[PDB]
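In what follows, a structure is listed as structure tokens, so that the remarks can point back to it.
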Amino acid sequence: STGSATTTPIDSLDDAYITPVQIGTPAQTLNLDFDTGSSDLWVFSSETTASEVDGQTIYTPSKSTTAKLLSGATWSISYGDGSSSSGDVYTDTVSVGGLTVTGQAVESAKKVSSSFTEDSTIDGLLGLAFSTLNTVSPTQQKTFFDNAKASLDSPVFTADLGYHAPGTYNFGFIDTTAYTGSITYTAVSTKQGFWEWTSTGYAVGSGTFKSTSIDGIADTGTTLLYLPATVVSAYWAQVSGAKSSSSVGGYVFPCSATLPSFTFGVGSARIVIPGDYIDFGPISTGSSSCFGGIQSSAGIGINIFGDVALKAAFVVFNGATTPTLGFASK
């Protein structure tokens, strides 16, 4: 089997991407944030505290003839941005882009933190990291990909995120029309539950490439590119007036600037992030200070190849017995 679904930016900045997902019988379609940095499929629901729902579409298990309470199971997750959610668990039929999994754990939110309530466009998350990170207790549950894997034509999914445009998540096949050149594959460590890999270096603009190992995670659920402070300082030093602002929470730059590109290494290959992808717009409405899309990972404890980096590439998440990641230009 295969599936193919379009993923759409939630706003003009590509702060996140939503993909329609069919849950239950008859189908209830919710727009979920596909997150290769976590491993829970959770949704706003008929059980979510009413004051914490503000425009989201909810899953109502009592209206699904295939829903079943997973008796005794609870979940609770906290994300790197400080947001969180928790609740109980149903199993139900879940389909993405024509690919169907029966018996998928659908984690129904009883509580969500304010940033989830405040984002009316995201109806929940669909985790695509390794199932070892799934938070369901006392019986840990499998991700949608893990459940689908054996049925797929090939045990892979691909992320093709757009810059200020829709893109695609494919399951079970690699669309050879969706990228240019060849795909370079690189080793993955699953020891922390992430799609963790080692970039071979970077360049700023037209500058020379610096060969240096940068361990980090491929995380579709993180907006920005978070790298070591040395690398990030070298980037922003090429932008007149750019500075790290403790009050804003990272590097800002004059909105009048033209940003340089940023290149990262994948083995001997190179992925180029155009400068425009690094512009996250005014820090507050009408400000001439703009927020940077490359930020320091110092204090986060891990480097994160988030959407800013991933959207510059066609990315293969290879879930073969020994997982690997593939990157191609596009």
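Residue numbering restarts at 1 for every chain of the structure tokens, chains are lettered A, B, ... in their displayed order, and ligands are numbered from 1 as they appear.
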Find the residues of segment 283-318 of chain A that sit at most 10 Å from segment 157-176 of chain A; for each, write down the nearest two atoms and how far apart they are in Å, to one decimal. Count only C-alpha atoms. Sort by chain, then by number going up, and give it as a Markdown table.
| residue | atom | partner | partner_atom | distance |
| --- | --- | --- | --- | --- |
| A:307 | CA | A:161 | CA | 7.6 |
| A:308 | CA | A:163 | CA | 8.6 |
| A:309 | CA | A:161 | CA | 9.8 |
| A:310 | CA | A:161 | CA | 7.0 |
| A:311 | CA | A:161 | CA | 4.6 |
| A:312 | CA | A:161 | CA | 7.8 |
| A:313 | CA | A:160 | CA | 6.9 |
| A:314 | CA | A:160 | CA | 5.0 |
| A:315 | CA | A:159 | CA | 5.2 |
| A:316 | CA | A:158 | CA | 4.5 |
| A:317 | CA | A:157 | CA | 5.3 |
| A:318 | CA | A:157 | CA | 6.7 |
Using the chain letters and numbers from this document, which residues of segment 171-218 of chain A does DSSP assign to strand (DSSP E), as a PDB file with N, CA and C atoms, in the first residue's frame?
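Ended up saving to result-v2.pdb:
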ATOM      1  N   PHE A 171       3.751   8.093   1.876  1.00  0.00           N
ATOM      2  CA  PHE A 171       4.016   6.890   2.661  1.00  0.00           C
ATOM      3  C   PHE A 171       4.146   5.704   1.722  1.00  0.00           C
ATOM      4  N   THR A 184      20.990  11.585  -1.244  1.00  0.00           N
ATOM      5  CA  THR A 184      22.124  11.155  -0.436  1.00  0.00           C
ATOM      6  C   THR A 184      21.606  10.655   0.902  1.00  0.00           C
ATOM      7  N   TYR A 185      21.909   9.403   1.221  1.00  0.00           N
ATOM      8  CA  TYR A 185      21.494   8.800   2.474  1.00  0.00           C
ATOM      9  C   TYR A 185      22.603   8.889   3.514  1.00  0.00           C
ATOM     10  N   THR A 186      22.178   8.992   4.766  1.00  0.00           N
ATOM     11  CA  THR A 186      23.081   9.208   5.884  1.00  0.00           C
ATOM     12  C   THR A 186      22.561   8.437   7.095  1.00  0.00           C
ATOM     13  N   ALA A 187      23.485   8.028   7.958  1.00  0.00           N
ATOM     14  CA  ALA A 187      23.149   7.163   9.080  1.00  0.00           C
ATOM     15  C   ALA A 187      22.291   7.870  10.124  1.00  0.00           C
ATOM     16  N   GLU A 196      17.888  11.064  14.248  1.00  0.00           N
ATOM     17  CA  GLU A 196      19.096  11.790  14.618  1.00  0.00           C
ATOM     18  C   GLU A 196      20.221  11.400  13.676  1.00  0.00           C
ATOM     19  N   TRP A 197      20.915  12.397  13.147  1.00  0.00           N
ATOM     20  CA  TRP A 197      21.910  12.188  12.107  1.00  0.00           C
ATOM     21  C   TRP A 197      23.021  13.211  12.322  1.00  0.00           C
ATOM     22  N   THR A 198      24.074  13.138  11.509  1.00  0.00           N
ATOM     23  CA  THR A 198      25.218  14.038  11.642  1.00  0.00           C
ATOM     24  C   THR A 198      25.470  14.735  10.314  1.00  0.00           C
ATOM     25  N   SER A 199      25.214  16.036  10.273  1.00  0.00           N
ATOM     26  CA  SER A 199      25.585  16.839   9.119  1.00  0.00           C
ATOM     27  C   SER A 199      27.104  16.968   9.053  1.00  0.00           C
ATOM     28  N   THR A 200      27.624  17.086   7.838  1.00  0.00           N
ATOM     29  CA  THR A 200      29.061  17.154   7.613  1.00  0.00           C
ATOM     30  C   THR A 200      29.608  18.584   7.577  1.00  0.00           C
ATOM     31  N   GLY A 201      28.773  19.614   7.689  1.00  0.00           N
ATOM     32  CA  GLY A 201      29.299  20.961   7.814  1.00  0.00           C
ATOM     33  C   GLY A 201      28.329  21.990   7.270  1.00  0.00           C
ATOM     34  N   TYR A 202      28.848  23.197   7.046  1.00  0.00           N
ATOM     35  CA  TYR A 202      27.983  24.281   6.611  1.00  0.00           C
ATOM     36  C   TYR A 202      28.772  25.335   5.847  1.00  0.00           C
ATOM     37  N   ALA A 203      28.028  26.162   5.116  1.00  0.00           N
ATOM     38  CA  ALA A 203      28.564  27.384   4.529  1.00  0.00           C
ATOM     39  C   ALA A 203      27.550  28.506   4.717  1.00  0.00           C
ATOM     40  N   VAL A 204      28.044  29.738   4.756  1.00  0.00           N
ATOM     41  CA  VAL A 204      27.204  30.929   4.846  1.00  0.00           C
ATOM     42  C   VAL A 204      27.310  31.672   3.516  1.00  0.00           C
ATOM     43  N   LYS A 210      32.677  24.803   5.619  1.00  0.00           N
ATOM     44  CA  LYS A 210      33.377  24.403   6.831  1.00  0.00           C
ATOM     45  C   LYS A 210      32.995  22.962   7.132  1.00  0.00           C
ATOM     46  N   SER A 211      33.971  22.064   7.046  1.00  0.00           N
ATOM     47  CA  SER A 211      33.755  20.660   7.367  1.00  0.00           C
ATOM     48  C   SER A 211      33.794  20.485   8.877  1.00  0.00           C
ATOM     49  N   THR A 212      32.667  20.078   9.445  1.00  0.00           N
ATOM     50  CA  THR A 212      32.539  19.898  10.879  1.00  0.00           C
ATOM     51  C   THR A 212      31.286  19.074  11.122  1.00  0.00           C
ATOM     52  N   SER A 213      31.362  18.135  12.058  1.00  0.00           N
ATOM     53  CA  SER A 213      30.232  17.257  12.341  1.00  0.00           C
ATOM     54  C   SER A 213      29.222  17.956  13.238  1.00  0.00           C
ATOM     55  N   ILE A 214      27.957  17.985  12.806  1.00  0.00           N
ATOM     56  CA  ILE A 214      26.869  18.599  13.566  1.00  0.00           C
ATOM     57  C   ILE A 214      25.780  17.548  13.750  1.00  0.00           C
ATOM     58  N   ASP A 215      25.702  16.979  14.947  1.00  0.00           N
ATOM     59  CA  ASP A 215      24.660  16.014  15.265  1.00  0.00           C
ATOM     60  C   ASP A 215      23.347  16.745  15.520  1.00  0.00           C
ATOM     61  N   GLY A 216      22.266  16.271  14.913  1.00  0.00           N
ATOM     62  CA  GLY A 216      20.986  16.907  15.159  1.00  0.00           C
ATOM     63  C   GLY A 216      19.859  16.019  14.685  1.00  0.00           C
ATOM     64  N   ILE A 217      18.627  16.512  14.835  1.00  0.00           N
ATOM     65  CA  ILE A 217      17.444  15.728  14.499  1.00  0.00           C
ATOM     66  C   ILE A 217      16.689  16.367  13.342  1.00  0.00           C
ATOM     67  N   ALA A 218      16.113  15.523  12.487  1.00  0.00           N
ATOM     68  CA  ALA A 218      15.223  15.983  11.425  1.00  0.00           C
ATOM     69  C   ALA A 218      13.822  16.059  12.022  1.00  0.00           C
TER      70      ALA A 218
END
Counting only C-alpha atoms, what is within 8 Å of segment 256-260 of chain A, bar same-chain residues fewer than 2 positions away, as a list in words?
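So the residues in contact are residues 204, 205, 238, 239, 240, 253, 254, 262, 274, 275, 276, 278, 279 and 288 of chain A.
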Applying 6 Å and only C-alpha atoms, which residues near residue 123 of chain A remain after dropping the ones on its own chain fewer than 2 positions away? List them as a ChimeraX atom specification.
/A:30-32,43-44,56-57
Give me, please, the distance in Å between atom CA of residue 285 of chain A and atom CA of residue 15 of chain A, quoted to one decimal.
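Taking atom CA of residue 285 of chain A as the start and atom CA of residue 15 of chain A as the end point, the length is 15.7 Å.
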DSSP says alpha helix (DSSP H) for which residues of segment 79-126 of chain A? Put them as an MDAnalysis selection string?
chainID A and resid 114:117
Shell of 7 Å around residue 298 of chain A, only C-alpha atoms, local chain residues under 3 positions omitted, as a PyMOL selection string:
chain A and resi 228-229+301
Counting only C-alpha atoms, figure out which residue out of A:70, A:7, A:227, A:319 gets nearest to residue 148 of chain A.
A:319
Between atom CA of residue 135 of chain A and atom CA of residue 104 of chain A, measure the distance and give it in Å to one decimal.
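Calculated distance between atom CA of residue 135 of chain A and atom CA of residue 104 of chain A is 14.4 Å.
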